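*Asks:* sequence first, structure after, both from an experimental entry:
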Amino acid sequence: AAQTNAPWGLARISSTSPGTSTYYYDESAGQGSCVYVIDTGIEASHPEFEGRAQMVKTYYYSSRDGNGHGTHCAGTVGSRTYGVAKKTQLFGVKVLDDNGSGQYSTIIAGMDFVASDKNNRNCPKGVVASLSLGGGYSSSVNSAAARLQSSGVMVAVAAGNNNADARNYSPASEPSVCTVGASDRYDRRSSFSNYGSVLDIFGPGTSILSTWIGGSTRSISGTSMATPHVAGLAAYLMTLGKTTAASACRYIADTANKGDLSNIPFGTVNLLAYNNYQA
Ligand SMILES: [Ca+2]
């Protein structure tokens, strides 16, 4: 399959070079897999989701995304125009309020919910979790991400937008999960993107165009935008039978584009997400 005039993000994860605008992917496109978006909720009624998105848990007065961040992350995972896996199932777990903030206890409880709610969903191809949040370091948040990873879910987390080492940020410091850095369309490390030895993969993070709330679309930046790229890629590689939950982050790093990113600090992996699809 080929999507012309696609955002630079998906075209990059399907290219060995920058500057292309065509996303190439296998027509399975994530069918049979599930991706849990743990954010500010998902506007499920957006036509770009085609009835594949739904709110399964909220810790507040409403499950509706009053912010747009969670809807933007879900659009990068599996929207019809801005998604990696255009056929996957999106489950919204609203652990952040409409202000984007959230207590660590609520966010931890959201991860434990996904570790058990996946037993209630139909995901024969695999379960992925997109954690496009994070804050200061916390062993409880790190253990909550490791528990979700040990339960059989591919956990992709954001490295953070502090331009520092991701070792002082949770769940970015958890070594068992996939810590995703950000990159721009010119194969440079995003100026805000965190780094360090704990990072596993870089993804398109700067000027990522995806869906917004109210049936609209907009372009934003952040490692919160590169995480759904890897999350959608893990679900894409899952239905194709290339990898499993405990080995997707390791497989993505193995088949990634090596030595193509600039401004990568010493000791940080120079890996960019690449679906390796040969049309
Ligand atoms: Ca890791």
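*Replies:* Arrived safely. Residues are numbered from 1 along each chain as shown.

*Asks:* name the helix or strand for residue 56, please.
*Replies:* Taking DSSP states H and E as the definition, one finds residue 56 inside strand 53-58.

*Asks:* tell me the residues of the chain that contact the ion?
*Replies:* Within the chain, the positions adjacent to the ion are 175, 200 by C-beta under 5 Å from the ion. (Each C-beta comes from the backbone N, C-alpha and C, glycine too.)

*Asks:* how near is the residue of the chain positioned farthest from its centre to the ion?
*Replies:* Going by C-alpha atoms, centre = their mean, the residue of the chain most distant from its centre is residue 61, 25.6 Å out. Noted for residue 61: a distance of 35 Å to the ion, by C-beta to the ion, to the nearest Å.

*Asks:* for whichever strand or helix holds residue 23, packing partners?
*Replies:* Using DSSP H and E, residue 23 sits in strand 22-24. With contacts taken as 3 or more C-beta pairs under 8 Å, 6 or more residues apart in numbering; DSSP states H and E, strand 22-24 sits against strand 2-4, helix 8-12.

*Asks:* excluding chain neighbours, what is closest to residue 145?
*Replies:* Of all residues not flanking residue 145 in the chain, residue 171 sits nearest, at 3.7 Å (C-beta to C-beta, 6 or more residues apart in numbering).

*Asks:* any idea where the helices of the stretch 1-150 of the chain begin and end?
*Replies:* 8-12, 69-78, 104-117, 139-150 (DSSP state H, counting those that start in this stretch).

*Asks:* mind putting those into a markdown table with mean neighbour count?
*Replies:* A markdown table is the format used below for the helices of the stretch 1-150 of the chain (neighbours: other C-beta atoms under 10 Å):
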| stretch | mean neighbour count |
| --- | --- |
| helix 8-12 | 25 |
| helix 69-78 | 32 |
| helix 104-117 | 19 |
| helix 139-150 | 21 |
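
*Asks:* want to throw the ones you listed into TSV with distance to residue 241?
*Replies:* What follows is the helices of the stretch 1-150 of the chain, written out as TSV (distance: least, C-beta to C-beta, whole Å):
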stretch	distance to residue 241
helix 8-12	21
helix 69-78	19
helix 104-117	23
helix 139-150	20
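
*Asks:* partner residues bridging the closest residue to residue 16 other than its chain neighbours?
*Replies:* In space, and not counting its chain neighbours, residue 16 is closest to residue 257: 6.2 Å by C-beta to C-beta, 6+ apart. When bridges are called by DSSP bridges, residue 257 pairs up with residue 272.

*Asks:* residue contacts, residue 257?
*Replies:* By C-beta atoms under 8 Å, 6 or more residues apart in numbering, the residues touching residue 257 are 16, 271, 272, 273, 274.
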